[PDB]
């Protein structure tokens, strides 16, 4: 009979309910380490037998004898040496290497104050980290650059799979790093209203069609203290992505992407001189090419590497030869409608209407690559023999689930974390020879046990093309009566790189979904064309017209709801954030007779205010696609607003500048339409922490008053 509140359903809530977990669970060679608050256990994967390693009292005793501090829990320890009985942890910025068979502090190192993006190399003992805009290795500064130059940090606004800007050589003798010059990029003025006098907080923001930032790759030698830069030419309008090292540390590889994002090149550079050594492979597509993963060399054969490509329509593994730049190249057409320039023998290791979501690593003894594969609501772990191409089992044996994995040092065992509709969290140890569970580490209990909960249903309907199958999730209140009429709220995202309907826990339902469904509102979400884990054809159907085919598919979802007799067709609302915010506004403006109430958070209004990297991939430039930009500029449709639309924007949003929403307000004032607005001061793109509860109460209140 008791229903959960927003305090129990929204992250940031005082009593937020979540399924039990095993934090810090990792590998020490081929032994599984299960940390706790007071003990660290070792688990033999073959048997599942738990052996105690060390207690926090024991470690703290030795830390106090060294005046090194105190641990509160053992969840943050790491085991980066397969052969040394050593542990690594941090206590107030200080790195401690601890021997757990002798109970001794091996070493301590404290980087300079204000250290971020710390990247430790176990093989050499070197640590790279950043202080403001400059890069540091151990006690020395690698760079001394002015404002506008950023070193050793992420570049190209985290696109093409870039998440860091430091790349240690396999043995830790050289460090590759990014050097970004943003000096020529426009600054957007955010205003801090908590200062004595409201101050400007400028952020570099490159908008579609304007001047971009320039990236350079440096190579630093900690033994000499000298750095070189790769001689790639004028870096203007070029992306330098997916940095990878040769196993011998003599050359560096990267994937270069042009500004039009339709041509990618796998390049080699000399690590000692920075001189180019050739192009091994080239990939082209009339729409776009999007490299997201570096090349991985075979641990048993450095003359071969695995490249990840969607050229046939799905992300798959391809085995290439290292000597490809010095062989005869031929041009080929690819199944995705693109083309590629390839030399040498290339072997497609994985094939089918599914994609590889992660390379987990290798089993060197059995010569296999272990990986995770996905499609729609299905996921699973797999192995493929690199020599013959024999796959462990067909993708068709996959169930609806969400799998995550961590491979042991020998590739013999796997930590398998998964969730299904009714199973919140299951953690098993899995044998990679036959993919059989060897031991259950956790089977989390339902955190909503003893609460009244809504029902969840998933299914498929056809897209606006009449052929593509779209997955939807439908939620109803617990006391649902099919004789009564109910209001509906469509939760929408619908942009690329995301999927709302999963095969995981509650089919991806969010806390607010649960909250509104229990308040008497039917909740609906459909994953339209453009969304992820369905291949490139499903995704690029939206090219140069973002939001259009997405809206058409969302309307097919509504036509399905209207066919249900318990749906009140005159009470359809819509809510989304970011791309979802654009979709909420666009649906209100393009289908004003369908959607009655809408709540749009941090939306994109005009793609001309959006970043170059993401924007120009799907929309090209305002100069190259003037029709696309006009059609998808929601300021042009401001006069179509009939219903209740609330726009929420955060004052320190540097993903969607606040200009989007205020320029939309001005357009409605001029057109004499009446949207509502709300600004969350001191919040970035999303409202985080306790204020996220305030946000969901405000959203709930808007739908209760107007739907």
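Positions refer to the first chain, counted from 1.
When the mean C-alpha temperature factors of 104 to 112 and 631 to 639 are read from the deposited coordinates, 104 to 112 comes out higher. Relative to its counterpart among 197 to 205 and 93 to 101, 93 to 101 has the higher mean temperature factor, C-alpha atoms as listed in the PDB entry. Which of 374, 142, 492, 427 has the largest Cα B-factor in the deposited entry comes down to 142. Taking the PDB entry at face value, the top CA B factor among 501, 583, 343, 190 belongs to 343. Per the deposited record, the Cα B-factor of residue 53 falls in the highest third when ranked against the other modelled residues of its chain. Residue 465 sits in the middle third of its chain by CA B factor, as recorded in the PDB entry.
When all modelled residues of the chain are sorted by CA temperature factor, residue 670 is found within the lowest third. Annotation for residue 26: CA B-factor lies in the middle third of the chain's modelled residues. Residue 662 sits in the middle third of its chain by CA B factor, as recorded in the PDB entry.
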